[PDB]
Structures are given as structure tokens and as C-alpha cells.
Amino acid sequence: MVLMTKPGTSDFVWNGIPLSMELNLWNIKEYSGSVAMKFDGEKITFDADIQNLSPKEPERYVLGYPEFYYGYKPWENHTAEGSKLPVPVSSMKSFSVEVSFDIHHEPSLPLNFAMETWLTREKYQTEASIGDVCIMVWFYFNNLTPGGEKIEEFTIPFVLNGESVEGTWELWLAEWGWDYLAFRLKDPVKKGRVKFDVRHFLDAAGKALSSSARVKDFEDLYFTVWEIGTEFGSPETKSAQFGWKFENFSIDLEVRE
């Protein structure tokens, strides 16, 4: 059992999987009130009731991303012990991720439930820059739109609550300090169970970036981590009340030459 009540990172092991939990309030300059994240051996929960919020950089828009992850998160130069990641995108035959989730929030709060990875040129960078990519997969959103511009839609399968469905995913692309690609499910789900293969998203991002002038040799990039969390806030938001619970977590990364 692990508990955190202030920003920071803690490692844990869940169902034999080495993971990292991060009570991530990366773009908040100051806050008052309470935040708590806990892992009890069977579930990870997060609860926030914070006020007196101000951002560090208004330009970034969101305020934080409480989350847990498998692998090496570049920004925090951090990995738990025993992860197979990072590996070259080309080394990933399949990467199945499964998790149950229940997200709740005050109605007007901009928020999402999104997963993400950082594809980088070198294996252990401490930042992302031109030539690198951030790929996100949004299963839910409230009062929040991905950054960049919507450039297309893809039909990508996934198992929703036990049933194979064909989801419709909007691809938003932003060319910032690195490339940002966000795939947003058009039928957002606030609570449920999902199982999917990250390889499908990597294949779709690879095609969308095939003609890029900033990103080259996509398959040679290092898939560093797989983050699961909830971004929240906006430059104007002065308070936030929300929380979540994730359970039934398993992942399977299949490595090939």
C-alpha cells in the first residue's frame, strides 16, 4: 500500500507489474486544499478538492495529470525497477493494455481520461523536442478539446466491457515543441472496462506522420512509457473537485527483433 498527498512520484507493484504513481500537478503554481492518491494492492484511487489554483504557464492550458505508468517517463528521469520499456517502436509486435476505470468530477471542470506515450530519438531523454512525439488516447472528456487541429478520424477496435466494438477516433495533431498526436474516442466513456492494442495507435500515428518534416524514422523511435491518468483544468480554473479509481489492470508487451 502506497499513499501520497502532495506532488511526487512513488513506485509500486500491481499484479506483478512494476509501476510508478505520480500525483502530477505539473502546471500548477500553487493550490490549497487536499489531494490524495493511494494504491492498496488491488486498486489505485485519486481524489482532489483543491482551490486557489493558478497555472505556472497559462499557455499549456491544462493544470495537471494525476496518473500511474509503466516504463520510463522522460520528463521525470524516472522508471520503477523491472520494466521492459523503453524499446524501439519497431520492437513492439503488440502491446495490450487492459484497465477498469470509474471517473467522477464536478460538471464544469475541463478534464479527460487519457493514456499516453512519449516516443523519443534517444532511449533516456529528460525532455521531448523536435523529432519526438507524444501520442495520447482519450477514452473520456468533459469540457476539454485536444490540442492542435482535428485532422482525421480512424476506426480502431477495442474491447469495451467485454465486447469487441469498432471505435471511431478523432486524430488531433499539434506541432509544438514536439509533435503531439491525440486520438479521442468520439463516444466518450466515463466508467467501464477497456482492453486494446497500443500497436493500432502506433500504426495510425506512423501513417499520419509518414510525410512529416519534423519526425523521421518513426519506427526507430523509443516507446518509453505508457501513462494512464486524467488531465484537468484550464488557465482560468480556480478550483477542482474530481477523483477516480482504476482496477483490473494488466498489460502485455510482445517483443520481436
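Position 1 is the first residue in the sequence shown; the rest follow in order.
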Higher average CA B factor in the deposited record is what I'm after, so tell me if that's 50 to 58 or 223 to 231. 50 to 58
Taking the deposited Cα B-factors and averaging over 110 to 118 and over 169 to 177, the higher mean is found in 169 to 177
Third of the chain's Cα B-factor distribution that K73 belongs to, per the entry: lowest
Per the entry's values, where does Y140 land by CA temperature factor relative to the rest of its chain, in the lowest, middle or highest third? lowest
Select lowest, middle or highest to describe the third in which the CA B-factor of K123 falls within its chain in this entry. middle
Would you mind checking where the Cα B-factor of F201 ranks among the modelled residues of its chain, as the lowest, middle or highest third? middle
Can you tell me whether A80 has a C-alpha B-factor in the lowest, middle or highest third compared with the other modelled residues of the same chain? lowest
